[PDB]
Amino acid sequence: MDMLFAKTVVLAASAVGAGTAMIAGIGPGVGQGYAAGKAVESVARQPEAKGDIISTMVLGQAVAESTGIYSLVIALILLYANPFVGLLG
Amino acid sequence: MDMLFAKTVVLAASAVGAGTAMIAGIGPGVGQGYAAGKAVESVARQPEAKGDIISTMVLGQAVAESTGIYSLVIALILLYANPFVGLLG
Amino acid sequence: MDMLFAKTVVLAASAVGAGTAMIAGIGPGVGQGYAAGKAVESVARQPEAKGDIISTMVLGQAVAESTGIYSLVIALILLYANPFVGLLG
Amino acid sequence: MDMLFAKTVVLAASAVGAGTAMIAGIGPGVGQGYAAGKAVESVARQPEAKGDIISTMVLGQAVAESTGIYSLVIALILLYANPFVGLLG
Amino acid sequence: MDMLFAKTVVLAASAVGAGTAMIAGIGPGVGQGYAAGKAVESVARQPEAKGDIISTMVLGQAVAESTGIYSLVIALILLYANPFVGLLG
Amino acid sequence: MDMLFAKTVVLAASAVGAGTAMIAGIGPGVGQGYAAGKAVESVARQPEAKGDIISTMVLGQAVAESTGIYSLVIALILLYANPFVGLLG
Amino acid sequence: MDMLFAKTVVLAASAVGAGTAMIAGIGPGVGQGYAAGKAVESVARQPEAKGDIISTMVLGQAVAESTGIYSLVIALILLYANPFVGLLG
Amino acid sequence: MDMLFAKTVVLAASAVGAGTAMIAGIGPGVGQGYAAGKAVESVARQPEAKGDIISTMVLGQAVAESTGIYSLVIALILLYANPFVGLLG
Amino acid sequence: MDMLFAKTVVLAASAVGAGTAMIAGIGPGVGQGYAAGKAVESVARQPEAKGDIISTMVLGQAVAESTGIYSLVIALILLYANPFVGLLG
Amino acid sequence: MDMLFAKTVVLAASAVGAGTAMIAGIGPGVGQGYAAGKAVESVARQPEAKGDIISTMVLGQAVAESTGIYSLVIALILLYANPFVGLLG
Amino acid sequence: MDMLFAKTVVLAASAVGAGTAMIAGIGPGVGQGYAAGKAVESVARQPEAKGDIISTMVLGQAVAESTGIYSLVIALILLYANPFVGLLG
Ligand SMILES: CCCCCCCCCO
Ligand SMILES: CCCCCCCCCO
Ligand SMILES: CCCCCCCCCO
Ligand SMILES: CCCCCCCCCO
Ligand SMILES: CCCCCCCCCO
Ligand SMILES: CCCCCCCCCO
Ligand SMILES: CCCCCCCCCO
Ligand SMILES: CCCCCCCCCO
Ligand SMILES: CCCCCCCCCO
Ligand SMILES: CCCCCCCCCO
Ligand SMILES: CCCCCCCCCO
Ligand code: NA
Ligand code: NA
Ligand code: NA
Ligand code: NA
Ligand code: NA
Ligand code: NA
Ligand code: NA
Ligand code: NA
Ligand code: NA
Ligand code: NA
Ligand code: NA
């Protein structure tokens, strides 16, 4: 095998892998949406607690965001800092 | 392998990868719909809090939108700013 | 590889990619249905709040529609404004 | 590659893509069913609001139907107005 | 490529595409079951509203059935009125 | 290509397609289970309404069964009345 | 193609198809579990209605079992009464 | 094709098929967990009905277990009583 | 085909099959977490029923664990007691 | 086939298999998050039961963690103690 | 097979495997979002228990984070400490 062929299938597999990793984004979208719903329900019934409601929503949502970020990082490594091309040959 | 062949499989893999990434869009759809439902339930029962209900719904939904945007960005990079073609040869 | 072969696998991959992106449509379907259910429950309870109920339902649903639209746009780019065929050769 | 071979894999890919896009139909099925359940619960407890209940159910369901329609349109384009065969050669 | 080979892979891809489209049937199954459950709960508590309960259940369920039908139609087109075989050659 | 080869890949694709279509069976299982749960909860509270509860459960479940039947029909067509083998040659 | 090769790929495809069909088993598992939960909750509050609770649970669960059985039947046909081997040559 | 090659792909497909069938195990896991949760909630509130609660939980869970068992049986047939190897020739 | 080639694809397929079977682990994770949540809610309200709450949680969870174990067993058979290698030639 | 080729496809299949097994991680994430939500709701309402709430949350979550661990173990066996390479030849 | 070819398919398989493992991220996103929702609802109703609410939310979420981390670790091993390349030859 020549080097152009080797890079070609390793990068092609990286494109597939990166796209697949992003499927994780489903999670934070569902979970954070739920938290948003509860915040909406709570500010209506407790206008006074708006400060706590929104800061608590944002903290909890930030935690729920993390695996979305992990997948994004894995995809950006595969696209822009690919660790396989350097191991070839 | 010649350069046309190399670009061909790297770009083909990119098309698949980009479409696969967009599957993440399921998430924000579900979550934001839920938040919308709670907003509807809350403005009915408390017309007096319409301002807070809608601003809270939009803030929380915007957070839930983020992984949908990440996947969109990954797909648009693969289609219009593909980082693999330049690494070839 | 000749140019006809190159276009053939890039476009074939684009057909698969476009179909795959549309899977995101599951999300808005679920979420918006939920918002619709809450709107139904609310207009039964408070017929006078019908204006706010329906305008709030539509606003929240529109937000939940966005990732469905993103996938539609990605699929239409792949079918009718394909960015790969021009990069070939 | 000859033209018959090129059309063959582009169309075969289109058949797979079209079937895959239809997976989105899961969404509206779930969401609209939920809305239906809420309408059933509401007309039982408020026979008087039947008109508003059913018109609100239909409006909200119609919105939830849209990504099902998008996938149907993408599938019908791939089967009956295929945009790839004309780009070949 | 000869015509028998071309028809063979286009039809094989159509078989896969048709089966894949039918995955959408999950949706109406879930949603309509939910509507059924609410109808059961409502006739028990409101025997007097049985007429409205059942007519409303059927209307709402019919709407939720549609994407199941779309997928069935796409599958039957691929099996019995295949649009690709005629484009070959 | 000879005729035995053509039948072989068309039928193999049909086996995969048929199995894939049956995935829809998830739907009715979930939805009808829910309706069953509501029927159980309702006969316990209101033993008198047992007739209406069970007839309403069966009607609603039957509707939810339909996409499971559609998939079964598509799979049985592919196995026992395959429409592709006759189109070959 | 010789007959041994033809049987080999048709049966291999059948093995994959049969395993894939069994994925439907997810559905009845979820739905029937739910019905079981409601039966547990109901016999605790209303020990008297135990007879109706359990007979209603079993009836509704049996209905929810059906698509599980359909997939099982499709898989057993593919394994023990395979309809493709006889169509070959 | 020689007999060793034929057995090789039929068995390889069987390994994939068996693994795929086990995906059904998701279902009973979800459903039975739900039933367990309801049993916990019920014995806390009704220590007196512990006998009925646990016997009802086990009966209902057993029913929900069945499609998990079906998939297990299909996988064990493919691994230890494979019906395809004997049909080869 | 030589024996090394035959073992290679049968074992490779076994690796894929074993990984696929483990997907079932999703189920017990969801269901048992639910039971855990109900146990938490119940010991808070009813500290005196702690004994029954925890023993009931563990029994019900153990049942929900079973399909997780089945998949583990299938995966360990494929890795450490593979039944296909011995059937080859 | 030479030994390098045999190890190559067996290990490549192992990488795919290991990645696939990790999909089970979805389950514990969902379930344990639910248990966490109930613990939060319970300590707010019953600060005095904090000890029991947290110990019960951890016990129940640990049980829900198990299939996540099983998949991790299968993946680490495939990566670091691969049982297939030794069976080759 | 030469060493460049062996490394190429083992690494390509590793890219796919790593992306697939990240699909687990869905789980913690859903579950932690739910816990966040409950924390929002609880601080609104009970501002004085803010300390316990947030510390309990973070503890429970951390537990739910673990399988997200496991998948991340498996993906980073495959990308930056790949255990297969060293086993080759
Ligand atoms: C998932 C990896 C895709 C790589 C395909 C390479 C095909 C090259 C054929 O010569
Ligand atoms: C899924 C990755 C698509 C790569 C297609 C490459 C096919 C080239 C065959 O010559
Ligand atoms: C998965 C993307 C489609 C792959 C197209 C390859 C067809 C060309 C085979 O020579
Ligand atoms: C996923 C679309 C399949 C396209 C495969 C075409 C293969 C042609 C074989 O000559
Ligand atoms: C789903 C598409 C199947 C295509 C099978 C092509 C077989 C090529 C054999 O020459
Ligand atoms: C995925 C659909 C089955 C493809 C059957 C192709 C078998 C032909 C190999 O020569
Ligand atoms: C799902 C497709 C299984 C059929 C594989 C055919 C293998 C033949 C290789 O020559
Ligand atoms: C799904 C299992 C298919 C096994 C394909 C065997 C390929 C052998 C190539 O000569
Ligand atoms: C599903 C397991 C794939 C097995 C691939 C065998 C390919 C051997 C190449 O000579
Ligand atoms: C999914 C299993 C990966 C097997 C890849 C083996 C490729 C060998 C072709 O030269
Ligand atoms: C998913 C693993 C992809 C297989 C990489 C090897 C195929 C390209 C070399 O022919
Ligand atoms: Na997180
Ligand atoms: Na987000
Ligand atoms: Na959106
Ligand atoms: Na919509
Ligand atoms: Na519809
Ligand atoms: Na139906
Ligand atoms: Na059924
Ligand atoms: Na069952
Ligand atoms: Na079980
Ligand atoms: Na467990
Ligand atoms: Na965890």
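Order of the sequence lines sets the chain letters (A, B, ...), proteins ahead of strands, with each chain counted from 1.
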Taking side chain as everything from C-beta outward and backbone as N, CA, C, O, which of these in [X] sits under 4.5 Å from a heavy atom of chain I? Side chain, backbone, both or neither.
X: J:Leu11; answer: neither
X: J:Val30; answer: side chain
X: J:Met22; answer: neither

Looking only at heavy atoms, which two atoms of [X] and [Y] are closest? And how far apart?
X: J:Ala49; Y: I:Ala44; answer: CB-CA, 4.1 Å
X: I:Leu4; Y: J:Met1; answer: CD2-O, 3.5 Å
X: I:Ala12; Y: J:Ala13; answer: O-CB, 3.3 Å
X: J:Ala39; Y: I:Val40; answer: CA-CG1, 3.5 Å

(message) Test: salt bridge (charged side-chain N to carboxylate O under 4.0 Å, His left out). Region: residues 20-29 of chain J. Which pairs qualify, not counting sequence neighbours?
(response) none

(request) Return each pair, listed once, that meets salt bridge (charged side-chain N to carboxylate O under 4.0 Å, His left out) where at least one residue sits in residues 66-78 of chain J; pairs must be two or more places apart or across chains. (result) none

(request) Hey, could you give me the CG/CD1 distance between I:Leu78 and J:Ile74, rounded to the nearest 0.5 Å? (result) 9.5 Å

(request) Identify which part of I:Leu76 has an atom lying under 4.5 Å from any heavy atom of chain J, answering side chain, backbone, both or neither. (result) side chain

(request) Pick one of side chain, backbone, both or neither for I:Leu72, based on which atoms fall under 4.5 Å of a heavy atom in chain J. (result) side chain

(request) Could you check which of I:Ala36, I:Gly25, I:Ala21 has the highest count of heavy-atom pairs closer than 4.5 Å to chain J? (result) I:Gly25

(message) Heavy-atom pairs under 4.5 Å with chain J - which of I:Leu79, I:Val16, I:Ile23 has more of them than the others?
(response) I:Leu79

What are the atom names and distances for all donor-acceptor pairs below 3.5 Å between chain J and chain I?
from, atom 1, to, atom 2, distance (Å)
J:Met1, N, I:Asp2, OD2, 2.9
J:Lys38, NZ, I:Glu41, OE2, 3.4
J:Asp52, OD1, I:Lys50, NZ, 3.1
J:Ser66, OG, I:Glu65, OE1, 3.2
J:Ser66, OG, I:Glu65, OE2, 2.6
J:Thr67, OG1, I:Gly25, O, 2.7
J:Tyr70, OH, I:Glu65, OE2, 2.8

(request) Scan for ring pair (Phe, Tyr, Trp, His ring centres under 6.0 Å) pairs involving residues 38-60 of chain J, sequence neighbours excluded, and state none if there are none. (result) none

(message) A side-chain contact here means heavy atoms from C-beta on lying under 4.5 Å apart; do I:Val9 and J:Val9 qualify?
(response) no

